[PDB]
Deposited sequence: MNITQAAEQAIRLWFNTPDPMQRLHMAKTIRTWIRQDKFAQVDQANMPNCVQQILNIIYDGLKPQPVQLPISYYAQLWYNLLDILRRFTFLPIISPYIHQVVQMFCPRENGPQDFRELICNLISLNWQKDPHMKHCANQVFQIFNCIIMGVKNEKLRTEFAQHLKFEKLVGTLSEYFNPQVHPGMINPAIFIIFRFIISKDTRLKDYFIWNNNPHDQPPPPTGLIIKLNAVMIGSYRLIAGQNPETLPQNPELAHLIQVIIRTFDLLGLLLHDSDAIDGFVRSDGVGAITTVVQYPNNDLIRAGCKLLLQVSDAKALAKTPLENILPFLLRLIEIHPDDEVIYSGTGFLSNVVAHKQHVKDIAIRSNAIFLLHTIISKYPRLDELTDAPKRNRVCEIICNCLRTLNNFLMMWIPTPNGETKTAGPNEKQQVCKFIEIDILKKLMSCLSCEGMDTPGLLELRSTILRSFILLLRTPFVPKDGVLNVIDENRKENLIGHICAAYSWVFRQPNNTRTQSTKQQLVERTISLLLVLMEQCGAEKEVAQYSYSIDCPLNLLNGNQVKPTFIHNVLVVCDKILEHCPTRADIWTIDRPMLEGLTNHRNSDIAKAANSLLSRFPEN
């Protein structure tokens, strides 16, 4: 018998030859046949049947034989058969028939006899302790990895995913994340599988996390939140001493680093909503990451910070000890050369300080205000940035910083319902009215900055920053309007005006409408603040020739009472110093005469102050 004939007979005899040692001999032969031939001799139209025969031998070979046999034998039989299977999942010639491989996983008996439960049992952890069987495990992992990374037909992917969703498999996978397992034992393909089965399956996600427990209790020790955090920490304990210089010749170190990254990634995908995110935070996830990103590997730090950003809005972060974490993150932001980290950190910072007084207090005590100035100061103007990704990131970094600052400024501003700022806090805040940063922020308002998706939110946020700085008692107001940029030769008013005019040239879009409106409202609000706070009623009015009549802002369904009042007052103040605009503007006189009889006494009063300014005709 020659190769092909040796295979032919092997296939033919298989299902009538119950002899163990003949089956192994037989299996070795079919394998070597594939190994060499790469199927090219079999007739194309017989291929479905030829593949199906092999697959049925594979499936039959993996079944437990009635006689008592040594583990050593199965390991050898299975290695050959699983190797054929593996090859059936990457071999160009077989790919039209790949759905036949997937079909095999589809259950029939719902018991330990199905193909999938035989495959599943081979990657049980205890097999990694076995000197022979651990190689079959590593092959099954390559098989999953081949199917998952390989098949492009979306309907087939979906079916494969469905076939995998059974108790014994999810149990088997989780067992790798138990606290007593050394993380050296975690095959990387386990991540690949988890990503695959949870992809767009919310209920499975909540099952892994919660284990049918209530979402307000501690996440259970049997669930993944506790398991994955102990894996991060376990791996970190092992790499912590290790010199990162050894990396290129240190596969164990490389492995554990990638375990950490893949664990960050999995946690990212699992924590899909508020309750999941909160659970993570109450299980000390933030401390866990923060501890782990101490290790000087940049891929690791990026992935850690990405996950911190994702969890930064947790209300449970009001309860976590942040006295050590926050200073470390501030320090990391100060020194790390990567813009993705800067972005992630500052993003984390603004969310974490939001609505949390004691958290604001930690940030400020660790010089967060000085740091925000530094991060903003270090970047060039947006118009100096050529590549889009980079400019938009810088734009988001500045936005984050200014959002952080605004959260602080809010505390020292007198409300009807007064906190005092210390000597150091005052002078750090006052760095923001230095001429260079005013110039930078002014440029951001008015640069012919191109397609930058986060520009709208930056511009709205800068206006807010100016509003709060100028409403802040200890901030000097004398010099702000004397700052004239080198490029447009304009002061703050002109840049404010250029942004306002810009918002109206922008495309209409329900996604952005909310922010455009808040930018318009803040423009009006900042024009008033400048008028009152800088003693600049005249100059604000005359430097505002570039904007059309603000009254026309009320030509819609605008109900916000504070906005209406601001529009009316700013208009009246403008006509006090530039009377002729009253004849140049084109207003809805009925509407204005309407507002004279408004429920609000302030609106009604200002409306007929303004009406008196207009030509009777």
Missing stretches, numbered from 1 on the deposited chain sequence and kept in order | 418 to 419
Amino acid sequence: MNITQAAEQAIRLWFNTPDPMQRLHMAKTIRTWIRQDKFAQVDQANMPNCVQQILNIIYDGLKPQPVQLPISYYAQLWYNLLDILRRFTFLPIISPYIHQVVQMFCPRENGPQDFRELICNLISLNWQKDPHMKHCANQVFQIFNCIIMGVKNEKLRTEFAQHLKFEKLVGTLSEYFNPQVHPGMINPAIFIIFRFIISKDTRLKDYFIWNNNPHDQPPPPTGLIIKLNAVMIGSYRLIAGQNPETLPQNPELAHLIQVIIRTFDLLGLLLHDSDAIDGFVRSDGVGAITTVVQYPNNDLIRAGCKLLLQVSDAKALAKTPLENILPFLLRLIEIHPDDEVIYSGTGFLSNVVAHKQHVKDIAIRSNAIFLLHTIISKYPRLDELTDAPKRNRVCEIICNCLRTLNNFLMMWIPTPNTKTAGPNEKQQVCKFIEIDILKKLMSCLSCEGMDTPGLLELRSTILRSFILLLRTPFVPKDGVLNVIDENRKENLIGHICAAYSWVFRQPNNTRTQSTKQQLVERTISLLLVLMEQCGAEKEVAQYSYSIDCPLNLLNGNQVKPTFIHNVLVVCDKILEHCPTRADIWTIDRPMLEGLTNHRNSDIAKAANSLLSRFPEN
From here on, numbers count along this sequence of modelled residues.
Between the two ranges 121 to 129 and 260 to 268, the one averaging a larger CA B factor in the entry = 121 to 129
Mean CA B-factor: is it higher for 507 to 515 or for 350 to 358?
-> 507 to 515
Among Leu326, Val292, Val540, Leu385, which residue carries the highest C-alpha B-factor recorded in the PDB entry?
-> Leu385
Most elevated Cα B-factor in the entry, residues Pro321, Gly479, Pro183, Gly111 | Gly111
Of the three thirds of the chain ranked by Cα temperature factor, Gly234 occupies the lowest
Sorting the chain's modelled residues by C-alpha B-factor and splitting them into thirds places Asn138 in the middle
What third of its chain's C-alpha B-factors does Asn212 belong to: lowest, middle or highest?
-> highest
Lowest, middle or highest third of the chain for the C-alpha temperature factor of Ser95?
-> highest
Third of chain Cα B-factors occupied by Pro423 | highest
